[PDB]
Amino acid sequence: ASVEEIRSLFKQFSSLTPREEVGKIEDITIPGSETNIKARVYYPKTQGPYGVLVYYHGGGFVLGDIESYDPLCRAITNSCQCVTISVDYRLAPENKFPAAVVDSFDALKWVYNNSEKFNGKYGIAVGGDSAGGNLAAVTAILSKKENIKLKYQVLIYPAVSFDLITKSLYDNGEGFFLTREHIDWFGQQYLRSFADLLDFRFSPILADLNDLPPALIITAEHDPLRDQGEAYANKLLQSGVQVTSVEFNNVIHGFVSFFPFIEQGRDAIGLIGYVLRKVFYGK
């Protein structure tokens, strides 16, 4: 299958997931430094004011987008009882690194500076899955450089490093849906050169992680990325940041996307909801 075909399949497959009713949906364009960034804004059923979650889809920096992540974002919105803003950052190979990073930061800055549009008096948070969790974490680092104060970061099986060494990568790199071959091919599309592996915007593990917002980190037992996820949690804790690190046993990478038929996915969406409700609202 071609790259385009597979992109199409993502959205096709998503029409099999039930779409939860929410408050209100709005498609906006965000004025970004290098491009115009599409975003969908999900309102909850409760009434403002609100905390705001800026969300970044996974997909290896190659795949995924707003439509195919529409069911997940609805379910997060109902769970978090928060405004959710799903970002369509530019995708490789058409747009190499650090395009998806520029888009993701621009989007956040913008939402942060326009939070009254969404009655977003309760603060901003970032989150994402996989490649998207990478974008969230990097976005939160860049934020510190700009004195943007975020409430929270929700990192769902994030990718946080180039990896040739984790046990989890070797234990789990075949037979569990996301394979080694996939990780390599993703990296080939996304990166310009070998020099990019020195860049904290690709491997956020590289950064000074002090004074980042408190975090929820979800890893998956049978996931090659498991160990690096927990390393990121560990280094955060080391740099004096509060973090709740949580491994869901018995599941594979991506499992949150599959909440309709993997109940542990539903329960993670539940945990994500709770910690955001708690930091925004005190609940």
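For every residue, the number given is its place in the sequence shown, counted from 1.
* Asked: Which is higher on average in the deposited entry, the C-alpha temperature factors of 128-136 or of 175-183?
  -> Per the deposited B-factors, the answer is 175-183.
* **Of 153-161 and 108-116, the one with larger mean CA B-factor** => Looking at the recorded C-alpha B-factors, 108-116 comes out higher on average.
* Maximum C-alpha temperature factor, selected from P224, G32, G58, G51 -> Out of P224, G32, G58, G51, the record gives the largest C-alpha B-factor to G32.
* **Candidate set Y69, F258, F248, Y232 [ranked by C-alpha B-factor, highest]** => Max CA B-factor in the entry, restricted to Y69, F258, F248, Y232: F258.
* Asked: Can you tell me which third, lowest, middle or highest, the CA B-factor of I218 falls into for its chain?
  -> According to the entry, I218 has a C-alpha B-factor in the chain's lowest third.
* Can you tell me which third, lowest, middle or highest, the CA B-factor of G270 falls into for its chain? -> It belongs to the lowest third of the chain when residues are ordered by C-alpha B-factor.
* Asked: In terms of the chain's CA B-factor thirds, is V243 lowest, middle or highest?
  -> Its C-alpha B-factor, which the entry lists for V243, ranks in the lowest third among residues of this chain.
* Report the third (lowest, middle or highest) to which the CA temperature factor of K45 belongs, ranking only the modelled residues of the same chain. => Its C-alpha B-factor, which the entry lists for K45, ranks in the highest third among residues of this chain.
* Asked: Where does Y190 sit by CA temperature factor within its chain: lowest, middle or highest third?
  -> It belongs to the lowest third of the chain when residues are ordered by C-alpha B-factor.
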